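Participant: The following file, start_34.txt, comprises compact mmCIF, N, CA and C atoms:
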```txt
# COMPACT_ATOMS: atom_id res chain seq x y z
N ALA S 1 11.14 16.40 10.29
CA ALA S 1 10.39 17.21 9.35
C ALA S 1 11.16 17.39 8.05
N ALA S 2 10.71 16.69 7.03
CA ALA S 2 11.29 16.79 5.70
C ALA S 2 10.76 18.05 5.00
N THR S 3 11.17 18.27 3.78
CA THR S 3 10.79 19.43 3.04
C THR S 3 10.26 18.98 1.69
N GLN S 4 10.08 19.89 0.75
CA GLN S 4 9.51 19.55 -0.55
C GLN S 4 10.36 18.51 -1.25
N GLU S 5 11.62 18.80 -1.44
CA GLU S 5 12.50 17.89 -2.15
C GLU S 5 12.85 16.67 -1.33
N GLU S 6 12.80 16.79 -0.01
CA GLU S 6 13.09 15.65 0.85
C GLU S 6 11.98 14.62 0.79
N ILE S 7 10.72 15.10 0.84
CA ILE S 7 9.59 14.22 0.65
C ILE S 7 9.65 13.61 -0.73
N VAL S 8 9.85 14.46 -1.72
CA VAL S 8 9.93 14.02 -3.12
C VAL S 8 10.98 12.93 -3.30
N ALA S 9 12.22 13.21 -2.94
CA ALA S 9 13.32 12.25 -3.08
C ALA S 9 13.06 10.98 -2.28
N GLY S 10 12.37 11.13 -1.15
CA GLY S 10 12.07 10.02 -0.30
C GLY S 10 11.07 9.12 -0.93
N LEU S 11 10.02 9.70 -1.46
CA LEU S 11 9.01 8.94 -2.18
C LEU S 11 9.64 8.34 -3.41
N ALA S 12 10.39 9.17 -4.12
CA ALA S 12 11.04 8.80 -5.35
C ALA S 12 11.93 7.61 -5.20
N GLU S 13 12.79 7.60 -4.18
CA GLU S 13 13.72 6.48 -3.99
C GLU S 13 12.98 5.18 -3.80
N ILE S 14 11.87 5.24 -3.10
CA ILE S 14 11.04 4.07 -2.88
C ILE S 14 10.42 3.65 -4.22
N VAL S 15 9.87 4.63 -4.92
CA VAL S 15 9.33 4.47 -6.26
C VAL S 15 10.37 3.84 -7.18
N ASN S 16 11.60 4.36 -7.14
CA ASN S 16 12.72 3.84 -7.97
C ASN S 16 12.88 2.34 -7.74
N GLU S 17 12.74 1.94 -6.49
CA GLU S 17 12.90 0.57 -6.08
C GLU S 17 11.74 -0.32 -6.55
N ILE S 18 10.50 0.10 -6.31
CA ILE S 18 9.39 -0.80 -6.64
C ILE S 18 8.83 -0.53 -8.04
N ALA S 19 8.42 0.71 -8.26
CA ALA S 19 7.75 1.07 -9.51
C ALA S 19 8.73 1.26 -10.63
N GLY S 20 9.83 1.86 -10.30
CA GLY S 20 10.84 2.08 -11.26
C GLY S 20 10.87 3.49 -11.78
N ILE S 21 10.10 4.43 -11.19
CA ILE S 21 10.21 5.78 -11.65
C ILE S 21 11.41 6.42 -11.03
N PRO S 22 12.37 6.89 -11.85
CA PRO S 22 13.62 7.48 -11.36
C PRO S 22 13.40 8.79 -10.59
N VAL S 23 14.39 9.19 -9.78
CA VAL S 23 14.27 10.38 -8.91
C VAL S 23 14.22 11.68 -9.72
N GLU S 24 14.75 11.63 -10.91
CA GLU S 24 14.72 12.75 -11.81
C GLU S 24 13.33 12.91 -12.40
N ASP S 25 12.64 11.80 -12.56
CA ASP S 25 11.33 11.81 -13.17
C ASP S 25 10.29 12.24 -12.14
N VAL S 26 10.39 11.71 -10.91
CA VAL S 26 9.53 12.11 -9.80
C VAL S 26 9.74 13.57 -9.42
N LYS S 27 8.90 14.42 -9.94
CA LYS S 27 8.83 15.80 -9.54
C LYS S 27 7.43 16.09 -9.09
N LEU S 28 7.20 17.20 -8.44
CA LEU S 28 5.94 17.42 -7.73
C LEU S 28 4.73 17.56 -8.68
N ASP S 29 5.01 17.83 -9.91
CA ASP S 29 4.02 18.08 -10.94
C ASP S 29 3.64 16.78 -11.58
N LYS S 30 4.17 15.72 -11.05
CA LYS S 30 4.06 14.46 -11.64
C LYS S 30 3.11 13.62 -10.90
N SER S 31 2.11 13.26 -11.57
CA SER S 31 1.18 12.31 -11.09
C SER S 31 1.87 10.96 -11.20
N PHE S 32 2.26 10.40 -10.07
CA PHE S 32 2.93 9.09 -10.03
C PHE S 32 2.34 8.05 -10.97
N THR S 33 1.06 7.84 -10.91
CA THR S 33 0.44 6.79 -11.69
C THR S 33 -0.15 7.33 -13.03
N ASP S 34 0.39 8.43 -13.52
CA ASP S 34 -0.14 9.04 -14.75
C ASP S 34 0.97 9.71 -15.57
N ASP S 35 1.79 10.48 -14.90
CA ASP S 35 2.92 11.19 -15.54
C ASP S 35 4.09 10.27 -15.60
N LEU S 36 4.41 9.76 -14.44
CA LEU S 36 5.54 8.92 -14.24
C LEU S 36 5.35 7.58 -14.92
N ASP S 37 4.62 6.71 -14.25
CA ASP S 37 4.25 5.33 -14.79
C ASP S 37 3.77 4.44 -13.67
N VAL S 38 4.23 4.77 -12.43
CA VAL S 38 3.95 4.01 -11.18
C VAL S 38 2.59 3.30 -11.21
N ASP S 39 2.64 2.00 -11.04
CA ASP S 39 1.51 1.10 -11.22
C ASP S 39 0.47 1.22 -10.13
N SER S 40 0.74 2.09 -9.15
CA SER S 40 -0.08 2.39 -7.97
C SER S 40 -0.01 1.29 -6.91
N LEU S 41 0.53 0.16 -7.28
CA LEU S 41 0.62 -0.99 -6.41
C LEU S 41 1.87 -0.89 -5.62
N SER S 42 2.86 -0.29 -6.24
CA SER S 42 4.08 0.02 -5.61
C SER S 42 3.83 1.07 -4.57
N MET S 43 2.81 1.89 -4.82
CA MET S 43 2.48 3.00 -3.98
C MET S 43 2.11 2.53 -2.61
N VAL S 44 1.52 1.35 -2.54
CA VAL S 44 1.12 0.76 -1.29
C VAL S 44 2.36 0.58 -0.38
N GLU S 45 3.44 0.11 -0.97
CA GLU S 45 4.66 -0.13 -0.25
C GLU S 45 5.44 1.17 -0.10
N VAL S 46 5.17 2.13 -1.00
CA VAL S 46 5.78 3.45 -0.92
C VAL S 46 5.20 4.16 0.30
N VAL S 47 3.93 3.86 0.57
CA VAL S 47 3.19 4.38 1.72
C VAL S 47 3.86 3.96 3.00
N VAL S 48 3.92 2.67 3.28
CA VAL S 48 4.50 2.19 4.54
C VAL S 48 5.97 2.60 4.69
N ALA S 49 6.61 2.83 3.57
CA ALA S 49 7.99 3.28 3.58
C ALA S 49 8.05 4.78 3.90
N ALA S 50 7.16 5.54 3.28
CA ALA S 50 7.08 6.98 3.47
C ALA S 50 6.56 7.31 4.85
N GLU S 51 5.60 6.57 5.31
CA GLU S 51 5.01 6.78 6.62
C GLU S 51 6.04 6.57 7.68
N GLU S 52 6.91 5.62 7.43
CA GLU S 52 7.89 5.23 8.41
C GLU S 52 9.04 6.25 8.44
N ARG S 53 9.33 6.83 7.30
CA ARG S 53 10.41 7.80 7.21
C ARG S 53 9.95 9.22 7.52
N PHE S 54 8.72 9.53 7.19
CA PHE S 54 8.21 10.86 7.39
C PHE S 54 7.46 11.01 8.69
N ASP S 55 6.98 9.87 9.23
CA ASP S 55 6.17 9.81 10.50
C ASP S 55 4.85 10.56 10.33
N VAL S 56 4.57 10.90 9.09
CA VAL S 56 3.39 11.65 8.74
C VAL S 56 2.20 10.73 8.67
N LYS S 57 2.45 9.55 8.13
CA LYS S 57 1.45 8.49 8.00
C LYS S 57 0.35 8.88 6.99
N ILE S 58 0.50 8.44 5.76
CA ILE S 58 -0.50 8.68 4.74
C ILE S 58 -0.86 7.36 4.22
N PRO S 59 -1.96 6.80 4.67
CA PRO S 59 -2.43 5.52 4.17
C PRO S 59 -2.70 5.63 2.68
N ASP S 60 -2.54 4.53 1.93
CA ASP S 60 -2.80 4.53 0.46
C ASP S 60 -4.21 5.08 0.16
N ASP S 61 -5.07 4.99 1.15
CA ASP S 61 -6.43 5.51 1.07
C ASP S 61 -6.42 7.02 0.93
N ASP S 62 -5.58 7.66 1.68
CA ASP S 62 -5.55 9.14 1.72
C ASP S 62 -4.64 9.60 0.59
N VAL S 63 -3.76 8.69 0.24
CA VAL S 63 -2.86 8.77 -0.91
C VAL S 63 -3.64 8.99 -2.21
N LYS S 64 -4.92 8.61 -2.22
CA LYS S 64 -5.73 8.78 -3.41
C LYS S 64 -6.00 10.25 -3.68
N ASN S 65 -5.93 11.01 -2.62
CA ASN S 65 -6.23 12.43 -2.63
C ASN S 65 -4.96 13.16 -2.95
N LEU S 66 -3.89 12.40 -3.09
CA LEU S 66 -2.58 12.94 -3.32
C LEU S 66 -2.06 12.42 -4.61
N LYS S 67 -2.95 12.28 -5.56
CA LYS S 67 -2.69 11.84 -6.96
C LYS S 67 -1.49 12.52 -7.72
N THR S 68 -0.67 13.27 -7.05
CA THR S 68 0.52 13.82 -7.59
C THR S 68 1.59 13.85 -6.54
N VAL S 69 2.85 13.87 -6.96
CA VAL S 69 3.96 13.95 -6.03
C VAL S 69 3.81 15.17 -5.14
N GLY S 70 3.51 16.28 -5.75
CA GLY S 70 3.39 17.53 -5.06
C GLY S 70 2.21 17.59 -4.16
N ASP S 71 1.19 16.81 -4.46
CA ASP S 71 0.00 16.81 -3.62
C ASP S 71 0.35 16.06 -2.37
N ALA S 72 1.01 14.92 -2.58
CA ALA S 72 1.51 14.09 -1.51
C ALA S 72 2.45 14.90 -0.66
N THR S 73 3.43 15.51 -1.31
CA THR S 73 4.42 16.36 -0.66
C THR S 73 3.75 17.47 0.16
N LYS S 74 2.67 18.03 -0.36
CA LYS S 74 1.92 19.10 0.28
C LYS S 74 1.39 18.60 1.60
N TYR S 75 0.77 17.44 1.55
CA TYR S 75 0.17 16.81 2.67
C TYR S 75 1.23 16.36 3.65
N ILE S 76 2.21 15.68 3.13
CA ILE S 76 3.26 15.12 3.91
C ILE S 76 4.09 16.19 4.61
N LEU S 77 4.31 17.31 3.94
CA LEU S 77 5.12 18.39 4.50
C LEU S 77 4.33 19.10 5.59
N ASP S 78 3.06 19.36 5.31
CA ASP S 78 2.17 20.06 6.25
C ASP S 78 1.97 19.23 7.52
N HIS S 79 2.00 17.94 7.36
CA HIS S 79 1.76 16.99 8.44
C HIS S 79 3.06 16.40 9.02
N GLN S 80 4.21 16.92 8.55
CA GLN S 80 5.55 16.43 8.98
C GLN S 80 5.75 16.38 10.48
N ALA S 81 6.60 15.49 10.90
CA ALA S 81 7.01 15.38 12.26
C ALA S 81 8.52 15.19 12.29
```
For the structure just supplied, provide its representation as structure tokens.

Facilitator:
Amino acid sequence: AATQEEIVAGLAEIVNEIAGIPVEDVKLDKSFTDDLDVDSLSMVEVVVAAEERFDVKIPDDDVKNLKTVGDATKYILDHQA
């Protein structure tokens, strides 16, 4: 069970790798594909990476409803394992 910043940093590190949004930039108020820059395509791989680390499992489909780091974090934290 991760927490707000753990989900954030976790998503962020993956983002840093594929999309290129740095961990400082990825904050919960940040819409990955709007605030940050994330091409949303990276998000697909951020998903399988996040799902695997969080065990929460948020398909990119449900990820659409999580159009912000904090929204994702909200979902991911509430659904943590």

Participant: For stretch 34-38 of chain S, please output as a PyMOL selection string all residues within 7 Å (counting only N, CA and C atoms; exclusion window: fewer than 4 positions along the same chain).

Facilitator: chain S and resi 19-21+25-26+29-30+42-43

Participant: Measuring atom to atom with only C-alpha atoms, identify which of S:69, S:79, S:5, S:74 is nearest to residue S:51.

Facilitator: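 With only C-alpha atoms as the atom set, the closest residue is S:79.
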
Participant: Quick one: residues within 6.5 Å of stretch 47-50 of chain S, all atoms listed in the file counted, chain neighbours fewer than 5 positions away excluded, as JSON, numbers by chain?

Facilitator: {"S": [10, 11, 42, 55, 56, 57, 58, 59, 60]}

Participant: Between atom C of residue S:81 and atom C of residue S:67, measure the distance and give it in Å to one decimal.

Facilitator: 22.5 Å

Participant: Excluding residue S:2 and residues on its chain fewer than 4 positions from it, collect all residues at most 6.5 Å away from it, counting all atoms listed in the file, and give them as a list in words.

Facilitator: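 Selected residues are residues 6, 7, 54, 77, 80 and 81 of chain S.
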
Participant: What are the DSSP alpha helix (DSSP H) residues of chain S, as a PyMOL selection string?

Facilitator: chain S and resi 4-18+42-54+69-78

Participant: Please indicate the distance in Å from atom CA of residue S:13 to atom CA of residue S:68, rounded to one decimal place.

Facilitator: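 Distance between the two atoms: 15.5 Å.
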
Participant: Go ahead and compute the interatomic distance for atom C of residue S:22 and atom C of residue S:78, in Å to one decimal.

Facilitator: 23.8 Å
